[PDB]
Structures are given as C-alpha cells and as structure tokens.
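Peer 1: Take a look at my_file.txt, compact mmCIF, N, CA, C and O atoms:
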```
# COMPACT_ATOMS: atom_id res chain seq x y z
N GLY A 221 -20.83 2.58 -6.00
CA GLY A 221 -20.96 3.71 -6.96
C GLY A 221 -20.08 4.87 -6.51
O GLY A 221 -18.88 4.70 -6.29
N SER A 222 -20.68 6.05 -6.36
CA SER A 222 -19.93 7.22 -5.93
C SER A 222 -18.78 7.51 -6.88
O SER A 222 -18.71 6.94 -7.97
N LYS A 223 -17.87 8.38 -6.46
CA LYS A 223 -16.72 8.74 -7.28
C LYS A 223 -15.81 7.53 -7.48
O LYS A 223 -16.13 6.42 -7.04
N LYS A 224 -14.68 7.74 -8.14
CA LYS A 224 -13.74 6.66 -8.39
C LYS A 224 -12.59 6.70 -7.38
O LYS A 224 -11.71 5.85 -7.40
N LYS A 225 -12.63 7.70 -6.50
CA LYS A 225 -11.59 7.84 -5.49
C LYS A 225 -12.18 8.40 -4.20
O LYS A 225 -13.34 8.82 -4.17
N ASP A 226 -11.38 8.42 -3.15
CA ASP A 226 -11.82 8.94 -1.86
C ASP A 226 -11.49 10.43 -1.75
O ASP A 226 -12.17 11.18 -1.05
N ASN A 227 -10.45 10.83 -2.46
CA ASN A 227 -10.02 12.22 -2.46
C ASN A 227 -8.71 12.34 -3.24
O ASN A 227 -7.67 11.88 -2.79
N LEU A 228 -8.80 12.95 -4.41
CA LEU A 228 -7.63 13.12 -5.26
C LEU A 228 -6.39 13.43 -4.45
O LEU A 228 -5.27 13.13 -4.85
N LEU A 229 -6.58 14.04 -3.29
CA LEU A 229 -5.44 14.39 -2.44
C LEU A 229 -4.62 13.16 -2.12
O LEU A 229 -3.39 13.22 -2.06
N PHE A 230 -5.29 12.04 -1.91
CA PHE A 230 -4.61 10.79 -1.61
C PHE A 230 -4.63 9.88 -2.82
O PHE A 230 -3.99 8.83 -2.84
N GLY A 231 -5.36 10.31 -3.85
CA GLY A 231 -5.45 9.54 -5.08
C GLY A 231 -4.69 10.23 -6.20
O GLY A 231 -4.68 9.78 -7.35
N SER A 232 -4.04 11.34 -5.86
CA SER A 232 -3.27 12.11 -6.83
C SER A 232 -1.85 12.35 -6.33
O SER A 232 -0.91 12.43 -7.11
N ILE A 233 -1.72 12.46 -5.01
CA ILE A 233 -0.42 12.70 -4.40
C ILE A 233 0.19 11.39 -3.92
O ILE A 233 1.17 10.90 -4.48
N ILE A 234 -0.41 10.81 -2.88
CA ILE A 234 0.08 9.56 -2.33
C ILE A 234 0.05 8.48 -3.40
O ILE A 234 0.74 7.47 -3.30
N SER A 235 -0.76 8.71 -4.43
CA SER A 235 -0.88 7.76 -5.52
C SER A 235 0.13 8.08 -6.61
O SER A 235 0.25 7.36 -7.60
N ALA A 236 0.85 9.19 -6.43
CA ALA A 236 1.84 9.61 -7.41
C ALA A 236 3.09 10.14 -6.71
O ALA A 236 3.96 10.74 -7.35
N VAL A 237 3.18 9.91 -5.40
CA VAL A 237 4.34 10.37 -4.64
C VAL A 237 5.61 10.13 -5.42
O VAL A 237 6.10 9.00 -5.51
N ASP A 238 6.15 11.20 -5.99
CA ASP A 238 7.37 11.11 -6.78
C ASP A 238 7.34 9.86 -7.66
O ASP A 238 7.70 8.77 -7.21
N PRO A 239 6.94 9.97 -8.91
CA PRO A 239 6.88 8.79 -9.82
C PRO A 239 8.10 7.90 -9.68
O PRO A 239 8.03 6.69 -9.88
N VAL A 240 9.23 8.51 -9.33
CA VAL A 240 10.46 7.75 -9.16
C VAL A 240 10.31 6.78 -8.00
O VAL A 240 10.81 5.65 -8.03
N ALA A 241 9.59 7.22 -6.97
CA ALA A 241 9.35 6.38 -5.80
C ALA A 241 8.32 5.32 -6.14
O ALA A 241 8.31 4.24 -5.55
N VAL A 242 7.47 5.63 -7.11
CA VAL A 242 6.44 4.70 -7.54
C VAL A 242 6.99 3.80 -8.63
O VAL A 242 6.55 2.66 -8.80
N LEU A 243 7.96 4.32 -9.37
CA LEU A 243 8.58 3.55 -10.45
C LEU A 243 9.61 2.60 -9.88
O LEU A 243 9.78 1.48 -10.38
N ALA A 244 10.29 3.03 -8.82
CA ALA A 244 11.29 2.19 -8.18
C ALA A 244 10.64 0.89 -7.71
O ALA A 244 11.33 -0.07 -7.36
N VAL A 245 9.32 0.89 -7.71
CA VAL A 245 8.57 -0.28 -7.29
C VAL A 245 8.33 -1.20 -8.48
O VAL A 245 8.37 -2.42 -8.36
N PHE A 246 8.10 -0.59 -9.64
CA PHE A 246 7.86 -1.35 -10.86
C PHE A 246 9.07 -2.23 -11.18
O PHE A 246 9.06 -3.00 -12.14
N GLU A 247 10.10 -2.11 -10.35
CA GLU A 247 11.32 -2.90 -10.55
C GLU A 247 11.28 -4.15 -9.68
O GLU A 247 12.29 -4.83 -9.50
N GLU A 248 10.10 -4.45 -9.14
CA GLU A 248 9.93 -5.63 -8.29
C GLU A 248 8.54 -6.22 -8.45
O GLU A 248 8.09 -7.01 -7.61
N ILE A 249 7.85 -5.85 -9.52
CA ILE A 249 6.51 -6.35 -9.77
C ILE A 249 6.25 -6.48 -11.28
O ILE A 249 6.64 -5.62 -12.06
N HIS A 250 5.59 -7.57 -11.66
CA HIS A 250 5.28 -7.81 -13.07
C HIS A 250 3.77 -7.81 -13.28
O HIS A 250 3.18 -8.84 -13.60
N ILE A 251 3.16 -6.63 -13.11
CA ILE A 251 1.72 -6.47 -13.28
C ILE A 251 0.94 -7.35 -12.30
O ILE A 251 0.22 -6.84 -11.44
N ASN A 252 1.07 -8.66 -12.44
CA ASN A 252 0.36 -9.58 -11.57
C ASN A 252 0.82 -9.37 -10.14
O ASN A 252 0.31 -9.99 -9.20
N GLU A 253 1.78 -8.47 -9.99
CA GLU A 253 2.32 -8.14 -8.69
C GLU A 253 2.12 -6.65 -8.39
O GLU A 253 2.86 -6.06 -7.61
N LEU A 254 1.10 -6.06 -9.01
CA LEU A 254 0.79 -4.65 -8.80
C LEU A 254 -0.51 -4.53 -8.01
O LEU A 254 -0.77 -3.53 -7.36
N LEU A 255 -1.30 -5.59 -8.08
CA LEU A 255 -2.57 -5.64 -7.37
C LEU A 255 -2.35 -5.97 -5.90
O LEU A 255 -2.96 -5.36 -5.02
N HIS A 256 -1.48 -6.93 -5.63
CA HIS A 256 -1.18 -7.33 -4.27
C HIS A 256 -0.33 -6.27 -3.59
O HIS A 256 0.05 -6.40 -2.43
N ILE A 257 -0.04 -5.21 -4.33
CA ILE A 257 0.77 -4.11 -3.83
C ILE A 257 0.10 -3.45 -2.64
O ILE A 257 0.75 -2.78 -1.83
N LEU A 258 -1.21 -3.64 -2.53
CA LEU A 258 -1.97 -3.07 -1.44
C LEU A 258 -2.23 -4.12 -0.36
O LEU A 258 -2.37 -3.79 0.81
N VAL A 259 -2.29 -5.38 -0.78
CA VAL A 259 -2.54 -6.47 0.15
C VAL A 259 -1.27 -6.80 0.94
O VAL A 259 -1.34 -7.26 2.07
N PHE A 260 -0.12 -6.55 0.32
CA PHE A 260 1.15 -6.81 0.98
C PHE A 260 1.62 -5.59 1.76
O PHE A 260 2.63 -5.63 2.46
N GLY A 261 0.87 -4.50 1.63
CA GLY A 261 1.21 -3.27 2.33
C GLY A 261 0.55 -3.22 3.70
O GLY A 261 1.01 -2.53 4.61
N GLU A 262 -0.55 -3.97 3.85
CA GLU A 262 -1.27 -4.00 5.11
C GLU A 262 -0.89 -5.23 5.93
O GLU A 262 -0.47 -5.10 7.07
N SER A 263 -1.03 -6.41 5.34
CA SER A 263 -0.69 -7.65 6.04
C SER A 263 0.59 -7.45 6.85
O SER A 263 0.82 -8.13 7.85
N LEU A 264 1.40 -6.51 6.40
CA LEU A 264 2.65 -6.20 7.07
C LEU A 264 2.41 -5.28 8.26
O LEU A 264 2.93 -5.51 9.35
N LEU A 265 1.61 -4.23 8.05
CA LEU A 265 1.32 -3.28 9.12
C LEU A 265 0.29 -3.86 10.09
O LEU A 265 0.35 -3.59 11.29
N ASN A 266 -0.63 -4.66 9.58
CA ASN A 266 -1.65 -5.27 10.42
C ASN A 266 -1.00 -6.24 11.40
O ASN A 266 -1.45 -6.38 12.54
N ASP A 267 0.06 -6.91 10.95
CA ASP A 267 0.76 -7.87 11.80
C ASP A 267 1.88 -7.18 12.58
O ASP A 267 2.53 -7.81 13.41
N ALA A 268 2.10 -5.90 12.30
CA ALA A 268 3.15 -5.15 12.98
C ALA A 268 2.55 -4.07 13.89
O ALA A 268 3.27 -3.38 14.60
N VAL A 269 1.23 -3.95 13.86
CA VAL A 269 0.54 -2.96 14.69
C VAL A 269 -0.20 -3.65 15.83
O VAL A 269 -0.37 -3.08 16.91
N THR A 270 -0.65 -4.87 15.58
CA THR A 270 -1.37 -5.64 16.58
C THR A 270 -0.40 -6.46 17.42
O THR A 270 -0.55 -6.59 18.63
N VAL A 271 0.60 -7.03 16.75
CA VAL A 271 1.59 -7.85 17.43
C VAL A 271 2.56 -6.98 18.23
O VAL A 271 3.16 -7.44 19.20
N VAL A 272 2.71 -5.73 17.82
CA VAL A 272 3.61 -4.81 18.50
C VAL A 272 2.88 -4.05 19.61
O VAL A 272 3.51 -3.46 20.48
N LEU A 273 1.56 -4.07 19.55
CA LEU A 273 0.75 -3.38 20.54
C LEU A 273 0.72 -4.15 21.86
O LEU A 273 1.22 -3.66 22.87
N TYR A 274 0.13 -5.34 21.83
CA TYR A 274 0.04 -6.16 23.04
C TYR A 274 0.57 -7.57 22.79
O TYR A 274 0.32 -8.48 23.58
N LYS A 275 1.31 -7.74 21.69
CA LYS A 275 1.89 -9.03 21.31
C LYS A 275 1.12 -10.20 21.89
O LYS A 275 1.70 -11.16 22.40
N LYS A 276 -0.21 -10.12 21.82
CA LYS A 276 -1.05 -11.19 22.35
C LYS A 276 -0.63 -11.55 23.77
O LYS A 276 -0.21 -12.67 24.04
N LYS A 277 -0.75 -10.59 24.68
CA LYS A 277 -0.38 -10.82 26.07
C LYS A 277 0.96 -11.55 26.16
O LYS A 277 0.96 -12.68 26.61
```
Just dump the structure as structure tokens.
Peer 2:
Amino acid sequence: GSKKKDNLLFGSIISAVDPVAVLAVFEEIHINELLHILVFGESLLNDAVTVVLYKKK
C-alpha cells in the first residue's frame, strides 16, 4: 500500500532526468524492454560491485 513512490525527489527528478536522457533510451527499447530497464540496471551493478570488491577471493 502506502504512496505510489518513495519520494518524488527520486520519482520526479531521477525519474525524469532530462527527458532527452530518458528519451535517448526509448531508442533501444520496445515497451517490452522498458520493464527490464530496472532489472538490467542492477544485474550489471550487482555483478560489478561484488565481483569488483573481492572478486570471490
């Protein structure tokens, strides 16, 4: 439940950071590729923050 966002600050700015920067993305996604826009944003950092930290000993 609760609100629909965590804080317009990140749901209004980072979510609208220069529409051009957000639109430049619509040039590589066909809707069905707008949802994974968040899943492909982490899998990258998650594998680049843990592997770069201690690269599994």
Peer 1: Let me have the centre and edge lengths of the axis-aligned box enclosing all listed atoms of stretch 255-270 of chain A with 6 Å padding on every side, in Å to one decimal, as JSON.
Peer 2:
```
{"center_x": 0.2, "center_y": -5.3, "center_z": 5.3, "size_x": 18.2, "size_y": 17.6, "size_z": 38.7}
```
Peer 1: Distance atom CA of residue A:263-atom CA of residue A:245, one decimal place?
Peer 2: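 According to the coordinates, atom CA of residue A:263 and atom CA of residue A:245 are separated by 17.8 Å.
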Peer 1: Per DSSP on the backbone, filter chain A down to the residues in helix (DSSP H, G or I) and report them as a PyMOL selection string.
Peer 2: chain A and resi 228-233+239-243+259-269
Peer 1: Atom O of residue A:271 to atom C of residue A:255: how many Å, to one decimal?
Peer 2: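 One can read the atom O of residue A:271 to atom C of residue A:255 distance as 25.7 Å.
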Peer 1: What is the atom O of residue A:239-atom CA of residue A:254 distance in Å, reported with one decimal?
Peer 2: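 Computing the Euclidean distance for atom O of residue A:239 and atom CA of residue A:254 yields 13.5 Å.
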